[PDB]
Amino acid sequence: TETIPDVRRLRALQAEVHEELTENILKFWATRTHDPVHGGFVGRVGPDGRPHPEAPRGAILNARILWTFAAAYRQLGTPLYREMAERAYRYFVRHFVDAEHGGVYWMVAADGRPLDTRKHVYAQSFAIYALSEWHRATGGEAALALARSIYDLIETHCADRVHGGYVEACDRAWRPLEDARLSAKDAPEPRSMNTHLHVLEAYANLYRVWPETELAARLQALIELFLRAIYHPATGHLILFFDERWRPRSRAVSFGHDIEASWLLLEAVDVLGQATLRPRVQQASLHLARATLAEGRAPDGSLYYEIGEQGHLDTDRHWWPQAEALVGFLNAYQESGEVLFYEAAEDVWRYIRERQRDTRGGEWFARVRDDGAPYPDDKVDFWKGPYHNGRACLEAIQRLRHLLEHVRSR
Ligand SMILES: OC[C@H]1O[C@@H](O[C@H]2[C@H](O)[C@H](O)[C@H](O)O[C@@H]2CO)[C@H](O)[C@@H](O)[C@H]1O
Ligand SMILES: [Cl-]
């Protein structure tokens, strides 16, 4: 009673995804972004493709580069990917890691000097995520020890043990900040879904390589927090910002976050092997995916950006929600068996190929307007790394491999 696309279709999609990853995405990052002046990678690449080796460099971007090349090396084996990950790792430990107070700085100057020394949990999470993946890829003990040290600092200085979840930003010496905003766009509230999603993500990857008992409890608490406070069963959307007691302080809807969470929550529960929690997580996951299908898509199947605090639909197609929809829709199909989710995955992929990818300049456009016009945004910057689209391709390749195996051997 399985309804499954035929083998030609599954294999054709898998091949296209692999080609996009290796011949466009990773090719762009390995060739255009390495910096031989300061080492590591440039912090910015302009709309015209100009790299800027003197621009400030963000911890999140650099951790994303490390994660992506580590993950690609682990799954595909190409030696270039290990070389690129090694390059990212060396710069990261040298300059982003605070050897004195622990954790990673927010931003360094191109030459490595600390430039913004705040310790934001979002950045600490990406550090944990990337270091754990590099350990998974190479067995490096320093990388795992560092990830563990950062985990301890988050729990020590940030955990809210009265309410659940985490204070999201501290200064260099882990004294917490009033302003935990990631950027000007974010509500000036003490708790965000966004930061907590990436804590969950990091903690799941850390647990894969270091199954500590207390970590399992912390990861489970986060899953439970999502189900209780963040996911909204009446709407099928995540609430974005809260006070310390998880009282909602936002009405915005982010389709990209919804569909990303839809698969990351299940990844986390499965890493834990938490069979008791799984049915509820699966229910919320499928709902998030259906709500995204019904409300967050253009007729071409791409994802809109958000519904803002005053209700306005932002119809811009940003690069990362398309990536997350590819994974989230394939995941929804795997969980539910409902082929409408595969069709949605196929539609977003076609959009990615026909509109989101920048065939001219390489990689993917950050933003495409509702009329199809690309915006002249930076190709690489503090917030645009290779992780959403790189991961989306790697995930799709493996998920399609598993779907292909539903035709049993004889
Ligand atoms: O809110 C701060 C920034 O968010 C950026 O989007 C990120 C999103 O919040 C989410 O964490 C996802 O996982 O990653 C994306 C991309 O970095 C956004 O691009 C940036 O302009 C800021 O608004
Ligand atoms: Cl990214």
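Along the sequence shown, residues carry numbers from 1. Note that these values count all heavy atoms, side chains included, but never hydrogens, waters or copies made by symmetry. Read the numbers this way: they start at 1 and go in the same order the structure lists the ligands and their atoms.
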Colleague: More than 12 non-hydrogen atoms from neighbouring residues, nucleotides or ligands closer than 6.0 Å to CZ on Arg228, yes or no?
Modeller: yes
Colleague: Centre-to-centre under 6.0 Å for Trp364 and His318, is that the case here?
Modeller: no
Colleague: Determine, for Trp210 and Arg148, whether the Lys NZ or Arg CZ falls below 6.0 Å from the six-membered ring centre while staying within 45 degrees of the axis.
Modeller: yes
Colleague: Show your working on salt bridge (charged side-chain N to carboxylate O under 4.0 Å, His left out) between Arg249 and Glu309 and close with a plain yes or no.
Modeller: CA-CA 10 Å; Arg249 296 300 195 214; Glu309 295 296 338; over 6 Å; no
Colleague: Please enumerate all residues that pass salt bridge (charged side-chain N to carboxylate O under 4.0 Å, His left out) together with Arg161, with sequence neighbours excluded.
Modeller: none
Colleague: Who are the residue neighbours of ligand 1 when the rule is a heavy atom under 4.0 Å from any of its atoms?
Modeller: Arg64, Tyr122, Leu182, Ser183, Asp186, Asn194, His198, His257, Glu260, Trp319, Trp320, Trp383, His388
Colleague: I'd like to know whether the aromatic ring centres of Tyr151 and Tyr203 sit less than 6.0 Å apart in this structure.
Modeller: yes
